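Starting off, we have a lone chain in the form deposited in one PDB entry, written out as structure tokens.
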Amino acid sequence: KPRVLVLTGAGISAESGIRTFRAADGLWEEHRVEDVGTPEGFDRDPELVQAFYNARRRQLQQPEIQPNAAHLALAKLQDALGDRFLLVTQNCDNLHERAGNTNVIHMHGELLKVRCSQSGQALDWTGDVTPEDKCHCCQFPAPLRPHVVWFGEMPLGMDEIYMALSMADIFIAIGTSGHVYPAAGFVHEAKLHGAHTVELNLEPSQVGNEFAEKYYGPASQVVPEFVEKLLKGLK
């Protein structure tokens, strides 16, 4: 069985109702990246930034938000491949988890987690973060921040990811824009180590020409159809 590494971006969750920085102008929920997606933004206006992620966290857990067919297809892929499958996502949502995927590497963190500003320890969290919420890991309880990797910060699980990139027989990028590094550079790593590279996207990423195989269209239709050939090619 081939070793498969899958990278997913915001495009896969778009059909589920989760939006991100628009291609047209880079605004996320009509907010500048710089104000809500940087360490500096958090420092100048912690009240606004905390409120922003409170809204995102609440929106994520609304009844009408569900994993779509593309999420489900990836869960089936892991079932079939087991240990030879690894899922890395740039998304902070939990739709991969809800779909049935396990050991998902959230390289940009998770919306449903917070982090101690003193220990750096992550903490499961589903509600609002108020100023009176503190950590549970320190003798002297510290303030909490979203467990989301901001621009200017180091992504998570990079060592595991680069190891899988060198081992992967097939690398599949799904719903990635190609604007966000180092994630956008993963396809170059995979191809360097002899992996077969595949892009599945609504629109061609800004590195789409580096992929050997590509299919474009709605994620909920393109991803399940690519996954099924693959499962059928396994026989």
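Counting begins at 1, following the sequence as shown. Just so we're on the same page, rigid core means the largest C-alpha set that superposes within 1.5 Å between forms. Shifts are known only where both forms have a C-alpha.
**Q** I'd like to know whether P141, which is modelled here, goes unmodelled in a third or more of the other compared entries that cover its flanking residues.
**A** yes, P141 frequently unmodelled elsewhere, at least a third of entries.
**Q** For the other entries of this protein included in the comparison (both sides of the residue modelled), is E160 absent in a third of them or more?
**A** That residue is present in all of the other compared entries.
**Q** Please work out which of 167-175 and 190-198 has the higher mean CA B-factor as recorded in the PDB entry.
**A** Per the PDB entry, the higher value belongs to 190-198.
**Q** Give the stretch, out of 22-30 and 62-70, with the larger mean C-alpha temperature factor in the deposited entry.
**A** Averaging CA B-factors over each stretch, the winner is 22-30.
**Q** Of the choices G157, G152, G109, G120, which one's C-alpha carries the largest B-factor in the record?
**A** That would be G120.
**Q** Where does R44 sit by CA temperature factor within its chain: lowest, middle or highest third?
**A** CA B-factor rank for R44: highest third.
**Q** For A80, return the chain-relative third of its C-alpha B-factor as stated in the PDB record: lowest, middle or highest.
**A** Middle third, going by the recorded CA B-factors of the chain.
**Q** Comparing against every modelled residue in the chain, figure out the third that the C-alpha B-factor of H147 lands in (lowest, middle or highest).
**A** Its C-alpha B-factor, which the entry lists for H147, ranks in the middle third among residues of this chain.
**Q** Comparing against every modelled residue in the chain, figure out the third that the C-alpha B-factor of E97 lands in (lowest, middle or highest).
**A** It falls in the bottom third of the chain.
**Q** With respect to C-alpha B-factor, does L86 fall in the lowest, middle or highest third of the chain as deposited?
**A** According to the entry, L86 has a C-alpha B-factor in the chain's lowest third.
What follows is about the form deposited in another entry, which we do not show.
**Q** Would you indicate which listed residue, out of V207, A69, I170, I65, moves its Cα by 2 Å or more between this form and the one not shown relative to the superposed core?
**A** Going through each option, the one that shifts is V207.
**Q** State yes or no: after fitting on the rigid core, is the Cα displacement of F21 between this form and the one not shown at least 2 Å?
**A** Where the cores coincide, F21 still shows a C-alpha shift between this form and the one not shown that is 2 Å or more.
**Q** Explain in one word, closer or farther, how the Cα atoms of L7 and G208 are placed in the other form relative to this form, where the distance changes by 3 Å or more.
**A** More distant in the other form, by 3 Å or more.
**Q** Since the Cα-Cα distance for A184 and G208 shifts by 3 angstroms or more in the other form, is it a contraction (closer) or an expansion (farther)?
**A** Farther is correct, given that in the other form the C-alpha spacing of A184 to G208 is increased by at least 3 Å.
**Q** Which parts of the chain move between this form and the one not shown, counting only runs of three or more residues whose C-alpha shifts are all 2 Å or more after core fitting?
**A** After core superposition, the displaced runs are 19-26, 206-209.
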